[PDB]
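Residues per chain are reported as follows:
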Amino acid sequence: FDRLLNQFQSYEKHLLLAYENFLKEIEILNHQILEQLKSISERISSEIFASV
Amino acid sequence: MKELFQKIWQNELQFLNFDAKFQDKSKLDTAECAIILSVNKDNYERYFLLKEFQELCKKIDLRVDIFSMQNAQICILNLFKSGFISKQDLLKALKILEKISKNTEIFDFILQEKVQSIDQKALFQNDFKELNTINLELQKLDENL
Amino acid sequence: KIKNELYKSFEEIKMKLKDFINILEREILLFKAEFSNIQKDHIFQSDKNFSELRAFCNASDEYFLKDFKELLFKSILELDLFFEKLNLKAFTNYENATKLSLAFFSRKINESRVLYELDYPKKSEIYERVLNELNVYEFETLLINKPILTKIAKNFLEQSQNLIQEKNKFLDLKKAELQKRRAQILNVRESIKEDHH
Amino acid sequence: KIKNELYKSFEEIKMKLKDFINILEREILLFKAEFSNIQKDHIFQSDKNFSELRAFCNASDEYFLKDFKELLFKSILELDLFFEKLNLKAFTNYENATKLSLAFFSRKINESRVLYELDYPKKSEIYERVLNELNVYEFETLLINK
């Protein structure tokens, strides 16, 4: 039973370790999606301007 | 080799990690390895009830459970590949054991398998000069010794 | 191409969560495999004890694994729904955003025209209008102010930690059971060893 | 109100599937409860046999229940995604549909107007345009054809 408990705690610690990089990547993706949206909007605004 | 273990442990095959986590590599000799490999799912109850087999497994530091038997077989086969302890002599021993266990599957797998780098005499010289270095260190630190 | 990039990113996040679950799963199933079959060595070792241990470790999938899987499934569902929202409001309705903002600017232009008293579009205004049409205030809030993906991940981590704690307590029950027997044995031993009295 | 009605209907379908799973689950778990503890009666019965039975029925959750739950969850996911599609293309974008078809008809009217030289909206056309804006071909296909 002690072995099982230690395995659980090891899994917890591994999760805590990996979440550093994981959360940073997710933040990066947030910003990426936002800037992709803004780029699309820039293109559409340019082409709306073109047809004035 | 999960297909092999499916062949020889048809329904009783367990969720197990295919690698030799063997901690000694000299835990058992080749005849004992052949006996452990000949514990095919059709002989396993008889083997576990055999007093001699229980003695053997206690000598090797095994249980007589299904899972430990399969894990030991995995480790034996990976040593057969990586540390390369067995020869066709292991196949000899399995052919000898075929008196009891007609274990053709593991026999063929051991036969038809890329064996490994062999490396014997270089390893011999390495170990011998390791022991020479240890002897020199002991000499450093008494005259009788 | 942008949409496909984001889709692949979402799949990547889902795969990471799944991989965490798979790690834990493999460990737990190896435990089950070993101790569903552990057999007693020599007589006097309480066959019933070992039998009960084997049964418990056999059901240890139920005991230790399926809750984590359910949590993973919930997180995957939330991720998929968020991606669907982003797709259907932004990366598919760009045509509709174009038409709406374009017609709006046309009507504004004609409104300017109809001032025939001699008494028109800037690009920044067009950009802001297209941004609003693409729902970029809403997605700004969901991506920066209240990050949805980040919240999903943190929920996964926190709930998995709570699950681990629950499992720990559950196993402590078994250990207390063992402690009872152990204390009984120690009482007997101390009684035997202190009978020179 | 229409949107809330449809949401409730989707929830109802999900609940029916969940209830099916619960039926099966309750039966399976009662089986586990009984036969994880069945003990032998008489001297000559195989204690090991009964022990193995107890372990097997104990693991019977794993054996008989979890796949069904996974299937249920997948179905629920699909249902929720479909409802979200219906919501975001139709029952929230009615304002946008109105604006688009309205501006289109306005521009068509003015196009008709600028044909001067001593040379307009019918309701059927407006209905068809608003129908197309609400994606009702797509949702007709998804609700009737497929």
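Regarding how it was determined, this PDB entry cites X-ray crystallography in its header, along with a resolution of 3.720 Å.

Student: In this structure, what is going on with the packing of aromatic side chains? I would like to understand it.
Tutor: Any two aromatic rings considered together are summarised by their centre-to-centre distance and by the angle between their planes. Applying the stated rule across the entire model yields 33 aromatic pairs over all chains. Pairing A:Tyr11 with C:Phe68 gives two aromatic rings, centres 6.3 Å apart and planes at 90°, and the pair type is edge-to-face. Of this pair, A:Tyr11 sits in helix 1 (residues 2-50) while C:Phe68 sits in helix 4 (residues 66-91), on two different chains. On the accessibility criterion, A:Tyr11 (4% relative accessible area) is buried. An angle of 45° between the planes, with centres 4.8 Å apart, marks the rings of C:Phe56 and C:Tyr63 as tilted. Aromatic ring contacts, followed pair by pair, group A:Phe1, A:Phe8, A:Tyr11, C:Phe56, C:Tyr63, C:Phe64, C:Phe68 and C:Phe170 into a single cluster. When the ring centre of D:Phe104 is taken as origin, the NZ or CZ atom of D:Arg129, which lies over that ring, is 3.9 Å away.

Student: When you look at the arrangement of the chains in this model, what are you seeing that I'm missing?
Tutor: In this assembly four pairs of chains touch, with chains A and C having more contacts than any other pair. Note that chain A does not reach chain B: the shortest distance linking a C-alpha of one to a C-alpha of the other is 16 Å. At their nearest point, the C-alpha atoms of chain A and chain D are still 16 Å apart, with no contact between the two.

Student: Can you help me understand the interface of chain A and chain C in this one?
Tutor: Interface size, as often reported, equals the accessible area lost upon joining of the parts. Of the residues lining the interface, 37 residues belong to chain A; the matching set on chain C comes to 60 residues. Counting each side, the surface lost to burial between chain A and chain C is near 4700 Å², with a carbon and sulfur contribution of 79%. Here chain A is connected to chain C by three salt bridges. Here A:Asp2 ties to C:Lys175 by a salt bridge, and the two come within 3.0 Å at their closest N and O atoms. Our count for the contact surface shared by chain A and chain C stands at ten residue pairs in polar contact. Classifying every residue of the side of chain A that touches chain C by side-chain character gives 21 nonpolar, nine polar and seven charged.

Student: Looking at this model, I keep getting lost on a nonpolar patch on the surface. Mind explaining?
Tutor: All names here are of chain D. Judged by side-chain polarity, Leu53, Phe56, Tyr63 and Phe64 come together as a nonpolar surface patch covering roughly 340 Å² of accessible area. Where the nonpolar patch is concerned, the elements lending two or more residues are helix 2 (47-58) and helix 3 (60-64). Within the secondary structure, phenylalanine 64 is located in helix 3.

Calculation notes
- Residues numbered from 1 in each chain as written, not as in the entry; some residues may be left out.
- Chains lettered and ligands numbered in written order.
- Part of a larger assembly, values for the part shown.
- Heavy atoms only, no water.
- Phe/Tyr/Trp six-rings, centres within 6.5 Å; stacked < 30°, edge-to-face > 60°.
- Helix = DSSP H or I, 4+ residues; strand = E, 2+ residues; numbered from the N terminus.
- Buried < 20%, exposed > 50% of the residue type's maximum accessible area, 1.4 Å probe, protein only.
- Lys NZ or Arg CZ within 6 Å of the ring centre and 35° of its normal.
- Contact = heavy atoms within 4.5 Å.
- Buried area = accessible area lost by both parts, 1.4 Å probe.
- Salt bridge = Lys/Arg side-chain N within 4 Å of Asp/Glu carboxyl O.
- Polar contact = N/O pair within 3.5 Å; in protein donor to acceptor, adjacent residues only side chain to side chain.
- Nonpolar A, V, L, I, M, F, W, Y, C, P; charged D, E, K, R; others polar.
- Patch = residues over 30% accessible without salt bridge, like charges linked within 9 Å, V, L, I, M, F, W, Y side chains within 5 Å.
- Areas by Shrake-Rupley, 256 points an atom, 1.4 Å probe, with all protein chains shown as cover.

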